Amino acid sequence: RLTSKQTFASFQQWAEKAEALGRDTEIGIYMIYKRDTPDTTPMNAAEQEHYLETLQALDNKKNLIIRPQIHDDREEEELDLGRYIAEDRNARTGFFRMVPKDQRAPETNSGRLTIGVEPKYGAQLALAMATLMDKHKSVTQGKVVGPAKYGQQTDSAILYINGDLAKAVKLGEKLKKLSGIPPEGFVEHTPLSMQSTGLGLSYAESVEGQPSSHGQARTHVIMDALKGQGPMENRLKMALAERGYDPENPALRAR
């Protein structure tokens, strides 16, 4: 797991694929990363219904708020998850933020941990993420995708963590334990350019000031490199250096 070889290799494969496909826009490059589909079995009607029941429950807690990303414009007073899940069918597909009632600010040294489980275990993992968030203040936020798309694109469950690679390895294994999810419940998949840290666990450090929404930071590195001449590897290493990443590991901040 913890070697930079595959991490850089997948990043190069992503960038070479974009050049070979003829993609030359941010959206076009990003979709290669995003639509990279893991082998999963979707939730049935019952499971999807149960998944949304779980989210509503977490929202009715005193310390945790569950809000769709499409509601980022709303004051906390205007949030209505019940009305959302009942009326807005983006509830089946969009991402929901899991946000602790104490806010917890991202500091300069933060990253994202992506967790892949079979969709039937999605509700269970969500509960575990909430539990991990109660005790560990280093975990600032979580995100889970709607049930209809759970397991059908490169990520479905993400934690934002203040800290470094070491902290994320520790927290990932602690999450696995807390979850009670069997080893067969976790999905072997590493999104392109992310550091695999374990079965179903993947990590990337953020660099302050780089575009971060929807996980798009590494797209911009590739965009720079696409303007260049030569074997892809060098163009990537220099683009990584210029934007503050480790040139030998695109998942990490420079030293």
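So that there is no doubt, residue numbering starts at 1 and follows the sequence shown.
Once the C-alpha B-factors are averaged per stretch, 97 to 105 and 160 to 168 rank with 97 to 105 first. Between 51 to 59 and 197 to 205, it is 51 to 59 that carries the larger average Cα temperature factor according to the deposited entry. Taking the deposited Cα B-factors for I70, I32, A46, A225, the highest one is held by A46. Reading the B-factor column for the CA atoms of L64, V187, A217, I27 in the entry, the top value corresponds to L64. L81 sits in the highest third of its chain by CA B factor, as recorded in the PDB entry.
Among all modelled residues in this chain, the alpha-carbon of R92 has a temperature factor (C-alpha) in the middle third. Residue-level temperature factors show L175 in the middle third of its chain, judged at the C-alpha atom.
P182: CA B factor lies in the highest third for its chain, per the PDB record. Ranked against the other modelled residues of its chain, the C-alpha B-factor of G230 as given in the entry falls in the highest third.
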